[PDB]
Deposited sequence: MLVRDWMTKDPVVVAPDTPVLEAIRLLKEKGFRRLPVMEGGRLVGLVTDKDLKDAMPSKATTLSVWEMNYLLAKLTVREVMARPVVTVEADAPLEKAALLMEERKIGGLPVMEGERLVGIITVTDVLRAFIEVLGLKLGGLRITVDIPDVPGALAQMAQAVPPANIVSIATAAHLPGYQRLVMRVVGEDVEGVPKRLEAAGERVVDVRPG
């Protein structure tokens, strides 16, 4: 799970002296929403469609004249928050959530290699947790001692586990959301509690 595997490569970039209104049209016609800003071959700022639209430099033309001449440099954000291409996917999600952002320029050190957004990170979590694989979504409470998860896992075969998440740490218990697939997945809930495990609920993957 790397940023590389989910980023969009070769994004559109813009220059600081690019006129605000030109930047806007560029974002419209190429389907993007944020625009990293290059100068001297280095990343010097970042602009979103919002930033451009909410730009504030009056009558209708003093204003209109002012927007017409406002440049990207005057509205771009810095310093820009970025992630390394080779970073774990989860780092991007962390950065995005911490700082309220929906998008993130992807770097190799000083170079720009792509862009990763919130919907890219969503796709990634959807893939690696198997949210599209059907099977069964099982919430189960296991004792919160080190060896318990290994013991719970023996009930699943012949079926497979694709992902486990901790819904909650509880007094005496760790509450797992578990997705299982494959052979005789329907048998899993039985086996789990017949093996003395505490099965909270079960629905389709």
Quiz prompt | Segments lacking C-alpha coordinates (deposited sequence numbering, starting at 1) | solution = 58-62
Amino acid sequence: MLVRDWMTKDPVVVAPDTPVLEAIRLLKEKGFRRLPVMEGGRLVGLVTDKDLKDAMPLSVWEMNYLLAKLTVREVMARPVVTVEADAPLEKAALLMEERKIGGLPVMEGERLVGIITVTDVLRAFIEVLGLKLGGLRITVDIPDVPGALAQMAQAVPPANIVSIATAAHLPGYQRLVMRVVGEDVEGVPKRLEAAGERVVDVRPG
From here on, numbers count along this sequence of modelled residues.
Quiz prompt | Residue stretch of maximal mean CA temperature factor, 165-173 vs 30-38 | solution = 30-38
Exercise. Would you determine, from the values in the PDB entry, which of 69-77 and 106-114 has the greater average C-alpha temperature factor?
Key: 106-114
Quiz item: So among 89, 129, 101, 94, who wins on Cα B-factor in the entry?
Solution: 101
Quiz item: Ranked by Cα temperature factor within the chain, is residue 156 in the lowest third, the middle third or the highest third?
Solution: lowest
Quiz prompt | Ranked against its chain, the third holding the CA B-factor of residue 195 | solution = highest
Quiz item: In terms of the CA temperature factor given in the entry, to which third of its chain does residue 62 belong: lowest, middle or highest?
Solution: highest
Quiz item: What third of the chain, by the recorded C-alpha B-factor, contains residue 144?
Solution: middle
Quiz prompt | Chain-wide C-alpha B factor ranking for residue 23, given as lowest, middle or highest third | solution = highest
